[PDB]
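Read through the structure below, which is laid out as structure tokens, and then see the notes.
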Amino acid sequence: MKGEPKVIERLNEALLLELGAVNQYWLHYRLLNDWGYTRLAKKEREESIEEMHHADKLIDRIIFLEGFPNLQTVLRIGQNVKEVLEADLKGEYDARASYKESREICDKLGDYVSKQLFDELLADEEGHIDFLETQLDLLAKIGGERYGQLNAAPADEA
Amino acid sequence: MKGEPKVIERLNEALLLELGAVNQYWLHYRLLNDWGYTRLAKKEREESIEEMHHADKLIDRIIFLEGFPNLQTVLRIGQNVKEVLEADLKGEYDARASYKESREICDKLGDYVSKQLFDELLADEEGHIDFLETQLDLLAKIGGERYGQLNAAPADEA
Amino acid sequence: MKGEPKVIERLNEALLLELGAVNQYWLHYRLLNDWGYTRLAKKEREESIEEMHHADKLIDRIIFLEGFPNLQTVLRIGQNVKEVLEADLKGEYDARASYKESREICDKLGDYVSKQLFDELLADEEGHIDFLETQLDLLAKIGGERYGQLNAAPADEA
Amino acid sequence: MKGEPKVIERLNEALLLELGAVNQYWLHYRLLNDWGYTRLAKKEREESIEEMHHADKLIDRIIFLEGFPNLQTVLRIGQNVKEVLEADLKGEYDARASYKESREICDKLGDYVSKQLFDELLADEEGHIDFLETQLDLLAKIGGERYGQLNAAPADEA
Amino acid sequence: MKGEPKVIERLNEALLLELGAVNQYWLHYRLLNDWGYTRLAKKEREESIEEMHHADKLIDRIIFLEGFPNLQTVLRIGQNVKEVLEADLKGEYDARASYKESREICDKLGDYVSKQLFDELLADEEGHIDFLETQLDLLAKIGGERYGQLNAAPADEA
Amino acid sequence: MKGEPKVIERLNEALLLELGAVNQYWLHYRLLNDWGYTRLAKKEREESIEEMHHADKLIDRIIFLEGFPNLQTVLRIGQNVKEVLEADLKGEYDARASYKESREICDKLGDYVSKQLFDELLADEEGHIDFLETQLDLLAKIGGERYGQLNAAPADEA
Amino acid sequence: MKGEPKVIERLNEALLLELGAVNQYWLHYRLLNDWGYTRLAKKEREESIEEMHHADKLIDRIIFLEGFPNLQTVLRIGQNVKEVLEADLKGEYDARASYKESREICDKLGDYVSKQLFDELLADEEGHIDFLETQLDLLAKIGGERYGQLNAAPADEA
Ligand code: HEM
Ligand code: HEM
Ligand code: HEM
Ligand SMILES: [Cl-]
Ligand SMILES: [Cl-]
Ligand SMILES: [Cl-]
Ligand SMILES: [Cl-]
Ligand SMILES: [Cl-]
Ligand SMILES: [Cl-]
Ligand SMILES: [Cl-]
Ligand SMILES: [Cl-]
Ligand SMILES: [Cl-]
Ligand SMILES: [Cl-]
Ligand SMILES: [Cl-]
Ligand SMILES: [Cl-]
Ligand SMILES: [Cl-]
Ligand SMILES: [Cl-]
Ligand SMILES: [Cl-]
Ligand SMILES: [Mg+2]
Ligand SMILES: [Mg+2]
Ligand SMILES: [Mg+2]
Ligand SMILES: [Mg+2]
Ligand SMILES: [Mg+2]
Ligand SMILES: [Mg+2]
Ligand SMILES: [Mg+2]
Ligand SMILES: [Mg+2]
Ligand SMILES: [Mg+2]
């Protein structure tokens, strides 16, 4: 199905955001692991792998529409566990805004199946945002050192 | 262990090559799948996931040496199955050359464990090269259409 | 829920297309089987049975809306395996266009659950189109005789 | 049982042929594998291991007869799959002729158990010849590229 | 294989370091257990047993080279959990430096298998260093009392 | 329980003897293994590990009594299997004498639980002495070469 | 990867040594079995099969480097069990020396993966040497007739 160039453009913008999130979550996984926060690190790895699946779905849709997926292009880091979470959350807010605009563009152009892809991604993103906002609320309430302790394993495990 | 800046630089050059290979193999997986070469597509996916593990090991070593992993940066595509294989092979030859030079640099600077990482990557790469050269030899001998047929599934499978 | 006559009309147009696809895929199953392409034949049977389920869902929705399902009414055939695939693909493009227009009509009339039915059918159809386009691309690349061979079983199986 | 020198000589001629066949089949296994004909390669490996068992039986008989097994001594190669098969077949015809003459010599000298060893080897050899002649007939009938394709695995297997 | 006296000397220096580490880790296990840090204590026991295996491998290599293993000779203690970890880390840095120099000496003298032993020990040591540095980083970030709590069991377990 | 300095001194003398026995038995294990007496070697390894457990119990008791365990300090070797056994036996006789004197000192000072530890060690030691005396008696009766043969494995095992 | 001619030459020298060891160990297996030393015979068979795997790895590397493996070319025998072991040991010392020189040549020419192959073979060889030296030490200590008895089975087994 030869797709609308503007739809392919929006799918490629999403792909760039998702690839950036893959890399950011993976770097956060390895950073948190080195700091000793091995339980939060495992969650960050899982979040990276979820974004990998999103990137795969975007690539598949772009190829179906006979467009060219742009992976050649792809970061917010952080010096403590609060900054890492905040950086992830900023990324998710940015992706959410992109997908909201993209579903509107696909709807107006009549590509309702691409619209549906963006609707699914948007729902996913609000789930991720809910999770991260809750973690940052917990960190605020119990303090960063107890949040870190809660998200670390004893020495005989990891 | 605060690492030599030149060693961290070589690890980051490897990371850029590996991230590029992840993306190239994944794009090839989805492209080959859309063309109907679903068996070769599955191998390309597996090759991408192997390069993901290499990238992970490089990131881990960079962080141990107290360097900054550069993922912000990352392609050869192809219009038929021979060109896809050739593009993968060119990438592997380029990576091999990088790792050979890197093991020599780590050896001269006395970072023998980073040397060992590059030695492992080099052995891996020559394995990958052996595989791809064999596939291209088979394609040469039986022709591209029979090679494609061999690497496609019937309609009731995939 | 007494439905809009225009919505029931669009559901009946979909039912006619789906019943036509059931019959076409089933005839293709038996034709391909007689020609010896028993693996593609099995896929065509499966595609017919998928369209039977779609027809069932349309009938159920029409009856819920207190309309009369029109089954009394229901073809593109083909002389070789490429023509069979092309005929299936033309049918799918026609159905896709019908469902796109139907979801728009249901949306404008405020029957959002019927809209959702058409959205699901539209997504299904684009999946079917993706599959058939890939098979026709493979046939183009490896040639029709190798595509047929790939989709045939040896004599000791079927 | 102190054996006839002429019988020990014939057993040593067989051992030299068998050791040569071990080496030739093993080299063919690795060559075919590198060319991508991994299914025929596996058969060549199995044929090499069968010849290893024959060599073992010859060594055992020579030692029983209080002779000295000569292994210090041991090739036809090939540039394509037809030449490889032809080289194996020429070797088998040569071995068959040796074993026929050897059974006659053992019979005339009254070493009926060594005669029996050569009779078994001769029957084995005619089995091997039957197999190889059939493969070369198939290659002749379907052509070398289809024979190679039939004897190659897709990329996601080997 | 009668070994180079200088190689045997370096193997004996490693053995003395490893035996010292066995004793230090075991004393730390019992000390930490008495203080109530039973989870970190279990890790220290495991680390002692890993060093016992290293000592065994060194003794085996010395005997193969027809040298005399010197076990007759063998400590940093600590008053709190941070000091215990720091003492272990200082020991590991000292061992790493010894093994780096030893691999260079074996390489220059042409004892490449002893070189390989030291290369393995060096890689092990950098793993141990990575672990201990991470534990000390965690302790720094969450504080010593939370690190101790994390590494202690409730009264109904240990 | 703050212990008597004289009791802690006797526990530390026992620890020094036990650590010496660990090292001696382990060296004997590796020596006997290299000579080919692999069955006696396995027993010597087991004896070393038993002495490791004794050392652990001594360290635990010293720490309970708020003393400082001295591991910083720790040999009789042997050129044939009789000398190895004799060296082990001399060590056991020395340890037995130490533990006998130590139980008497603990009894007189009123540390009856430390007395009990030495009583257990003394009973253990007389068991070890019984075993070693029996092995040396067997060696005397059947001769050293048959004793060695009995305590060696064939080449296809170890 | 088109290899250095000097590297291919060293790989072929190793192949000739390994093929010679295969044959020597196999002949020793059958000889020892006929003499009644069936347990040592089984070990010699296992050693032959280990050398077969080494030869296979060498052939694979030569073909990858686009060289020609030379198998056309390939012995120390022995009249008693001590001479058989001594002949095996002389072969291993010769192979070790070859592999040491070969790893140095590959290193200087920059073929680090072939260097690694020779490093692995060298470590293997020193293991084999350790085993054989231990067997010859045992034979020296208990005498040849007891060593033979230890390595023979009773009549109701083999
Ligand atoms: C184009 C970009 C990428 C795509 C499309 C992608 C896709 C995937 C997919 C589909 C999986 C399978 C997950 C599952 O089975 O549930 C996966 C796993 C994984 N990914 Fe990625 N990935 C990408 C980039 C990366 C990067 C940059 C890394 C950095 C290390 C990475 C590391 C991993 C690892 C370690 C696994 C697990 C593999 C295993 O369990 O054996 N990936 N990826
Ligand atoms: C402070 C001195 C030592 C102490 C307290 C100690 C303690 C122990 C203990 C409690 C065990 C566990 C045994 C079991 O699970 O039944 C053990 C095992 C072992 N020990 Fe020691 N040990 C010491 C020194 C040594 C030395 C010098 C060596 C020389 C190699 C050694 C080699 C081993 C080995 C190989 C094991 C077996 C580990 C395994 O099975 O994974 N130990 N030791
Ligand atoms: C005197 C010459 C040789 C003799 C007598 C011999 C004998 C044997 C025998 C009896 C087996 C066991 C097969 C089975 O268990 O069914 C075997 C296996 C094998 N042979 Fe040979 N062989 C010889 C030469 C070679 C050569 C030149 C190669 C080249 C690579 C080779 C490679 C192998 C391999 C890889 C195996 C399989 C071992 C395993 O599965 O672990 N052999 N050989
Ligand atoms: Cl932090
Ligand atoms: Cl606090
Ligand atoms: Cl193609
Ligand atoms: Cl053709
Ligand atoms: Cl047709
Ligand atoms: Cl054709
Ligand atoms: Cl060919
Ligand atoms: Cl053709
Ligand atoms: Cl064909
Ligand atoms: Cl503390
Ligand atoms: Cl606090
Ligand atoms: Cl002895
Ligand atoms: Cl005697
Ligand atoms: Cl003998
Ligand atoms: Cl005697
Ligand atoms: Mg709308
Ligand atoms: Mg998500
Ligand atoms: Mg790889
Ligand atoms: Mg459908
Ligand atoms: Mg045969
Ligand atoms: Mg070097
Ligand atoms: Mg270690
Ligand atoms: Mg004891
Ligand atoms: Mg070996």
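Residues of the range E:29-53 with an amide N closer than 13 Å to a point placed 7 Å from the Cα of E:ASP156 along the Cα-to-Cβ direction: none.
Centroid-to-centroid, using Cα positions, the range B:67-133 and the range C:19-41 are 49 Å apart. For the range A:134-147, backbone phi angles converted through the Karplus equation (6.51, -1.76, 1.60; θ = phi - 60°) give residue-by-residue couplings of 4, 5, 5, 5, 4, 4, 4, 6, 9, x, x, 6, 5, 5 Hz, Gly and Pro being listed as x.
Take the Cα of G:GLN149, step 7 Å along the line toward its Cβ, and report every residue of the range F:113-149 whose backbone nitrogen sits under 18 Å from that point. Under cut-off, by backbone N: F:138-149. Among the listed pairs D:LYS43/G:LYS90; B:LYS108/G:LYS2; A:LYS108/C:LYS90; A:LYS82/E:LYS43, those with a Cα-Cα distance over 32 Å are D:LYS43/G:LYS90. Each Cα pair of the protein assembly as shown feeds into the Kirkwood radius, which the Stokes-Einstein equation turns, at 37 °C and 0.692 mPa s, into a diffusion coefficient of 92 µm²/s. With Kirkwood's inverse mean 1/r over C-alpha pairs for Rh, give me the Rg to Rh ratio of the range D:75-158, two decimals please. Rg divided by Rh gives 1.17. Hydrodynamic analysis of chain C uses the Kirkwood radius over alpha carbon pairs. Inserted into Stokes-Einstein at 25 °C and 0.890 mPa s, it gives a translational diffusion coefficient of 148 µm²/s. Dividing the radius of gyration of the alpha carbons in the range E:69-123 by their Kirkwood radius gives 1.13 for Rg/Rh.
Here the spin labels are modelled as points 7 Å beyond Cα on the Cα-Cβ line, and at A:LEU109 and D:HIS53 they lie 6.6 nm apart. Look at the dipole of chain B built from charges on Cβ: of B:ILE129, B:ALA41, B:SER114, the Cα furthest out on the positive end belongs to B:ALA41. Rounded to the nearest 20 debye, the dipole magnitude of chain A is 180 debye, with +1 charges on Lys and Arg beta carbons, -1 on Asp and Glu beta carbons, and the Cα centre as origin.
Phi angles across the range E:57-74 convert, under the Karplus curve 6.51 cos²θ - 1.76 cosθ + 1.60 with θ = phi - 60°, into 3J(HN,Hα) values of 5, 5, 4, 4, 5, 4, 5, 4, 7, 6, x, 10, x, 9, 9, 3, 10, 9 Hz, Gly and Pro given as x. Electrostatic bookkeeping for C:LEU15 treats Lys and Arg as +1 and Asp and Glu as -1; over the other residues with beta carbon under 13 Å from its beta carbon, the sum is -3. With θ taken as phi - 60° and the Karplus curve 6.51 cos²θ - 1.76 cosθ + 1.60 applied, the whole-hertz 3J(HN,Hα) list for the range G:114-120 is 5, 3, 4, 4, 5, 4, 5 Hz, x standing for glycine and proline.
According to the square roots a ≥ b ≥ c of the eigenvalues of the Cα gyration tensor, what is the shape class of the range E:24-107, taking rounded for a/c under 1.5, prolate for a/b larger than b/c otherwise, and oblate for the remainder? Since a/c reaches 1.5 and a/b is larger than b/c, the shape of the range E:24-107 is classed as prolate.
Read-outs: derived from the displayed coordinates by stated rules, not from any lab. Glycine gets a Cβ as well: all are built from the backbone with ideal geometry, and neighbour counts include every protein chain shown.
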